[PDB]
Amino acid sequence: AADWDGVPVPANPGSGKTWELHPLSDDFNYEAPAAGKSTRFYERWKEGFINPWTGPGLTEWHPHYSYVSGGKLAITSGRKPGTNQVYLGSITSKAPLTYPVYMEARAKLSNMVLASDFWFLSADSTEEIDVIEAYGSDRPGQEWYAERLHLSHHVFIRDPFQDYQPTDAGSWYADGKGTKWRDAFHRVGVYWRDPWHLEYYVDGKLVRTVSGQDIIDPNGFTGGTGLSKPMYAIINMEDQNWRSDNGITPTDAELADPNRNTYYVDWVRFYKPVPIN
């Protein structure tokens, strides 16, 4: 049995096709302690990132800030002693995915100004899809962000560095009911259909379609190829520069609070559309 049994895939695989479970899918029903993890953990995952970079902003990704227990992957946070840096969990898939693929997590954001992330990046760091990217903080003055999921993707040129993502209002999704995403587990998925077409789904409903060169890559950073490179699955938290460069970063009191400082993932699952037998 799996934790997602009976929970449908909301995207359309095409006439005459069905969704086939990809083996990277993990519902985290095993024990993998922070130090050393477990055999099952390492069948799919590595600690850290796609490469040795330790992260943006004041982030320093740290292997002992991820663990699997009680049916959940936990990504936690803490102050790096004697510094302003933040130790954060991160895990990355050992193998990448390619379109067409539906990619979904069921997760509870941390109650922090940090980004809680479920996202995808090519080996060369030029192509990115962000499925969960959201900031759970209940701080006074952060209420707008607490009601929003950032639905986005990036294309980069590494040198000289350039970064494009969509920036229209609909890239920050709220349900209109005042839901604070941090308060419960929610499922967020993307159908990465082809290099020019993404569909975002929240709790089983299509909420945004990002389609065509004008929104995927209007500046031509992908040289006409779109979102086409294989991408690794990454589950992390981040202290991001657009926040901490500008005075928003966790306090020691927040980082010390076990009821706020952790981002939980019930499952990640991935499906490929395949012909019906």
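Each residue number is its position in the shown sequence, starting from 1.
Mean temperature factor over C-alpha atoms, higher-scoring stretch between 235 to 243 and 215 to 223: Comparing 235 to 243 with 215 to 223, the higher mean C-alpha B-factor belongs to 215 to 223.
So, looking at the entry's B-factor column for Cα atoms, which has the higher mean, 182 to 190 or 135 to 143? It is 135 to 143.
Highest CA temperature factor in the entry: which of 101, 88, 73, 157? Highest C-alpha B-factor among the listed residues goes to 157.
According to the PDB entry, is the CA B factor of residue 79 in the bottom, middle or top third of its chain, that is, lowest, middle or highest? CA B-factor rank for residue 79: middle third.
Rank-wise, by C-alpha B-factor, drop residue 161 into the lowest, middle or highest third of its chain. For residue 161, whose C-alpha B-factor we compare with every modelled residue in the chain, the answer is the highest third.
Ranked C-alpha temperature factor of residue 269 among modelled chain residues, by third: Lowest third - that is where residue 269 ends up once the chain's C-alpha B-factors are sorted.
State the tercile, meaning the lowest, middle or highest third, of residue 175 with respect to the CA B-factors recorded for its chain. Highest third.
Among all modelled residues of this chain, ranked by Cα B factor, put residue 123 in the bottom, middle or top third, i.e. lowest, middle or highest. Middle third, going by the recorded CA B-factors of the chain.
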